[PDB]
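As structure tokens, one chain now follows by itself in the form deposited in one PDB entry.
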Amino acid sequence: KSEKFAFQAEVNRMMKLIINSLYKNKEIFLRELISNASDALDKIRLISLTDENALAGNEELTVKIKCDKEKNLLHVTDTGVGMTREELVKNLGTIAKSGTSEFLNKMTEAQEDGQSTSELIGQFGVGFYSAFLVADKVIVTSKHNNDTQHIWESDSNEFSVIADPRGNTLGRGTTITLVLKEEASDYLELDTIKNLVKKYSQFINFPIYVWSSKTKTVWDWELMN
């Protein structure tokens, strides 16, 4: 069932521009993933204004982050609109929106003339690729109301998508799972993550939680705002 895809040339070029723009500020990948989560939540929220049963799959509007130090994984899960199988392929593997092309041109000129680029990344919502600054593999699990749950996975050299054999476990939404590089093990530390989530979530309009422990050890979702 697993279908293999090559990234579109432009996406390969875009990944490299992003990586180089944020190379000395890797922590920004988290800000971009939170921003993506927020936007996805805003979208399902707007859809609920016109579709009564829009939230049926998962009545919560949240962003939940968990570290799995013992598995070397960082998970960022939102209960936003999600993506159908076709949207996974299109959004992650091609220059989907008319605007991505715009970002690509603007990014190239800005990078050429020394103008700041981190803002452009956030403006066009193409920050996902910055996850490759800290991860050897990025996995995206998503569930949209119009489709079944699928998994997209990539080490940046190609990507594949398969129907999730685990069924509908998200309800609705998306999980970004990062298999962290050795040099990035710091992001597996709850304290580093909380501090970062807190620094990048005060502006978000949705509640953001991190699976944290107290220690007898108490494990639960801690609100960062």
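Note that residue numbering begins at 1 and tracks the sequence as displayed. Definition used throughout: the rigid core is the maximal C-alpha set that superposes within 1.5 Å between two forms. Shifts are known only where both forms have a C-alpha.
In what follows, reference is made to the form deposited in another entry, a form of this protein that is not presented.
Chemist: In a superposition on the rigid core, which residue from 81, 76, 138, 126 has a CA displacement reaching 2 Å or more between the shown form and the other one?
Modeler: The answer here is 126.
Chemist: Quick one: core overlaid, is residue 151 moving 2 Å or more at the Cα between the shown form and the other one?
Modeler: No, residue 151 moves less than 2 Å.
Chemist: Indicate whether residue 210 shows a C-alpha shift of 2 Å or more between the shown form and the other one, with the rigid core used for the fit.
Modeler: Shift of 2 Å or more: no.
Chemist: Closer or farther apart in the other form, the C-alpha atoms of residue 139 and residue 123, for a change of 3 Å or more?
Modeler: Relative to this form, closer in the other form.
Chemist: Between residue 120 and residue 153, do the C-alpha atoms lie closer or farther in the other form than in the shown form, with a difference of 3 angstroms or more?
Modeler: Compared with the form shown here, the C-alpha atoms of residue 120 and residue 153 sit closer together in the other form, by 3 Å or more.
Chemist: When the two are fit on their core, where are the runs of 3+ residues whose C-alphas each shift at least 2 angstroms between the shown form and the other one?
Modeler: Runs with every C-alpha shifted by at least 2 Å: 1 to 21, 95 to 126.
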